[PDB]
Amino acid sequence: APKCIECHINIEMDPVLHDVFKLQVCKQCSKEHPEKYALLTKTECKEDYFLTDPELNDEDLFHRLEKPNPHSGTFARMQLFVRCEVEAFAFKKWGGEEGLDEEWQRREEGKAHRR
Amino acid sequence: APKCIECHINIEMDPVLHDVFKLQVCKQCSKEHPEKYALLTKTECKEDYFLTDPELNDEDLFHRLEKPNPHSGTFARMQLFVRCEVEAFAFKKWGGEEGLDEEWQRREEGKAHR
DNA sequence: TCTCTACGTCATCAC
DNA sequence: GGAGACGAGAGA
Ligand SMILES: [Zn+2]
Ligand SMILES: [Zn+2]
């Protein structure tokens, strides 16, 4: 049977990672490798990777899991993105980890000068 | 036999003003009173009256006439609004002609600095 | 007769 | 543990 791409052992994949994000990765390995597999909210994607609404809203560009908004079911649904997708796009947009670091720098300077 | 609300004479109303904007106004009167009946583009409404996309996009707030964009039919459709509607909303938003001209004054000062 | 949205940055409120 | 305010470029 098909084996998890991290451990090469487990045959039972994490239902979310597999069904939503198309990753043959078991639940244990996903918890051991959050640098790849962690789920990030839409707000975390904007804050951490400087991605915009038009990017994150593009269904052709990212897989996403939706859930009820934890603050209230009447508020806009929560949107969860897999770190490895988010990061891969962000590194392309910004010029790798380095460029992203540059952009983070450039916005902190922003607020200092803006009081 | 219903008469134009400007002249009280003509019974043939301007098709656009009547059908689209629901105004019983003849075409001659519409050209004689542009302060009421002139059609303004979406761009002109933003420029002249400081209305936003959310305001002008609101189907329940303004009547509007759409035409093909005159630059190219592949561009987004032109949208025309009637001055008397747009102005009445702008006057409410900004506090009469007084307050609108103030906003003008303000916005203009704002870019002077920049 | 031009129109829409990317670019901001973030408070607010969605209930 | 998400969806409008002030103002060039591509094409709704
Ligand atoms: Zn595994
Ligand atoms: Zn008349």
Side-chain angles (χ1 to χ4, degrees), chain A residues 16-17 20-21 30-31 34 37-59 61-62 64-83 86 89-90 93-94 103-112, chain B residues 16 20 30-31 34 37-59 61-62 64-83 86 90 93-94 99-112:
Chain A
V16 167
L17 291 169
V20 174
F21 295 98
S30 73
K31 306 326 207 141
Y37 304 115
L39 303 182
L40 299 180
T41 69
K42 196 185 196 182
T43 298
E44 290 177 294
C45 299
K46 297 166 136 193
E47 283 175 353
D48 294 355
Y49 293 105
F50 310 118
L51 302 186
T52 67
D53 283 321
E55 295 155 355
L56 275 335
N57 285 336
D58 186 343
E59 269 157 315
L61 206 74
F62 297 109
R64 65 189 70 28
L65 196 206
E66 285 192 358
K67 316 245 55 151
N69 187 300
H71 298 277
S72 164
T74 69
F75 293 175
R77 296 179 292 276
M78 181 166 58
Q79 298 175 356
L80 302 173
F81 298 82
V82 70
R83 183 180 306 276
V86 181
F89 183 83
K93 166 173 201 192
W94 291 120
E103 182 67 21
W104 170 83
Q105 207 185 11
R106 174 265 144 197
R107 300 189 190 195
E108 293 302 295
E109 306 181 322
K111 290 187 290 211
Chain B
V16 164
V20 177
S30 83
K31 303 306 177 177
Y37 305 116
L39 301 190
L40 306 178
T41 68
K42 194 175 186 179
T43 299
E44 286 178 301
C45 294
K46 301 167 96 162
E47 280 173 7
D48 291 352
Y49 295 100
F50 311 125
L51 277 8
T52 56
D53 288 296
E55 288 162 353
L56 271 342
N57 288 340
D58 193 335
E59 329 234 68
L61 188 35
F62 296 109
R64 84 273 326 284
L65 196 208
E66 288 191 359
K67 300 218 47 262
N69 188 293
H71 300 278
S72 166
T74 76
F75 292 175
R77 299 179 286 279
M78 185 163 59
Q79 292 203 92
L80 305 170
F81 299 83
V82 71
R83 182 174 313 264
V86 156
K93 171 176 203 196
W94 295 116
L100 166 66
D101 217 0
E102 258 145 30
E103 250 300 299
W104 177 73
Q105 247 103 236
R106 167 196 179 281
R107 303 217 175 177
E108 224 64 79
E109 284 160 349
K111 61 178 69 171

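As a basis for the values below, the full set of heavy atoms in this structure was taken, side chains included, without hydrogen atoms, waters or symmetry mates. Below, chain A is the first sequence line, B the second, and so on; all start at residue 1.
Partners of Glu44(A) by salt bridge (charged side-chain N to carboxylate O under 4.0 Å, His left out), not counting sequence neighbours: none found. Residues passing the side-chain contact (heavy atoms from CB on, under 4.5 Å) test with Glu66(A) are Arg64(A), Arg77(A), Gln79(A), sequence neighbours excluded. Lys46(A) pairs by the salt bridge (charged side-chain N to carboxylate O under 4.0 Å, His left out) definition with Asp53(A), not counting sequence neighbours. Partners of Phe75(B) under the side-chain contact (heavy atoms from CB on, under 4.5 Å) rule, at least two apart in sequence or in another chain, are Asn69(B), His71(B), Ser72(B).
In this structure, the NZ atom of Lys46(B) is 11 Å from the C1' atom of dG7(D), given to the nearest Å. Taking atom CD of residue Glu66(A) and atom P of nucleotide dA3(D), one finds them 8 Å apart after rounding to whole Å. Counting to the nearest Å, the P atom of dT5(C) and the CG atom of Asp58(A) are 15 Å from each other. Here the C1' atom of nucleotide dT5(C) and the CG atom of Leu56(B) are 16 Å apart, to the nearest Å. Spacing between atom CG of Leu80(B) and atom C1' of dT1(C) amounts to 8 Å, rounded to whole angstrom units.
Base pairing of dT5(C) is made with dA8(D), judged by Watson-Crick or G-U wobble geometry with both donor-acceptor distances under 3.5 Å. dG2(D): Watson-Crick or G-U partner is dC13(C), with both key distances under 3.5 Å.
For the P atoms, the distance linking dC10(C) with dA8(D) amounts to 23 Å, nearest Å. For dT9(C) and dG1(D), the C1' atoms lie 24 Å apart once the distance is rounded to whole Å. Taking atom P in both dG4(D) and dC15(C), one finds a spacing of 14 Å when rounded to whole Å.
Side-chain N/O atoms of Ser72(B) include none lying less than 4.0 angstrom from OP1 or OP2 on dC2(C). For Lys42(B) and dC4(C), the shortest distance from a side-chain N or O to OP1 or OP2 is below 4.0 Å.
Remark: the backbone N or O of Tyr49(B) is paired with a side-chain donor or acceptor of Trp94(B) at under 3.5 angstrom.
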Write down the protein N/O and nucleotide N/O pairs, taken from nucleotides 9-12 of chain D, whose separation is under 3.5 Å; answer none if there are no such pairs.
unit_1: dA12(D); atom_1: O3'; unit_2: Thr74(B); atom_2: O; d: 3.1
unit_1: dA12(D); atom_1: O3'; unit_2: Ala76(B); atom_2: N; d: 3.3

Output one line per pair: protein atom, nucleotide atom from nucleotides 6-8 of chain C, and distance, for all N/O pairs under 3.5 Å.
unit_1: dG8(C); atom_1: OP1; unit_2: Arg107(A); atom_2: NH2; d: 3.4

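A cation-pi arrangement is found for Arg107(B) relative to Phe50(B), the charged atom lying closer than 6.0 Å to the ring centre and inside a 45° cone about the ring normal.
The residue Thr41(A) sits close only to the backbone: its heavy atoms come under 4.0 Å of sugar-phosphate atoms, none of a base. Contact annotation for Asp53(A): no contact, since no heavy-atom pair falls under 4.0 Å across all strands. Contacts of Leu39(B) with the nucleic acid, taken as non-hydrogen atoms under 4.0 Å apart, are absent.
Toward the 5' end of DNA chain C, the nearer of the two residues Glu44(B) and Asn57(B), judged by each one's closest nucleotide, is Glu44(B).
In this structure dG8(C) sits in the syn conformation; its chi angle is within 90° of 0.
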Original post:
Does the pair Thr41(A) and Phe81(A) meet the rule for a side-chain contact (heavy atoms from CB on, under 4.5 Å), with working shown?
Top reply: CA-CA 6 Å; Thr41(A) 69; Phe81(A) 298 82; over 6 Å; no
**OP:** Walk me through it: do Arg106(A) and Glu103(A) pass the test salt bridge (charged side-chain N to carboxylate O under 4.0 Å, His left out)?
**Re:** CA-CA 5 Å; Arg106(A) 174 265 144 197; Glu103(A) 182 67 21; 3.6 Å; yes
Original post:
Do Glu55(B) and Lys93(B) pass the salt bridge (charged side-chain N to carboxylate O under 4.0 Å, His left out) test, and can you show the C-alpha distance, the side-chain angles, and the key distance before you say yes or no?
Top reply: CA-CA 11 Å; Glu55(B) 288 162 353; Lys93(B) 171 176 203 196; 3.1 Å; yes
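Looking at every heavy atom in both residues, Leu56(B) comes nearest to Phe62(B) through CD1-CE1, 3.9 Å.
On the basis of its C1'-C2'-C3'-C4' angle being positive, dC7(C) carries a north sugar.
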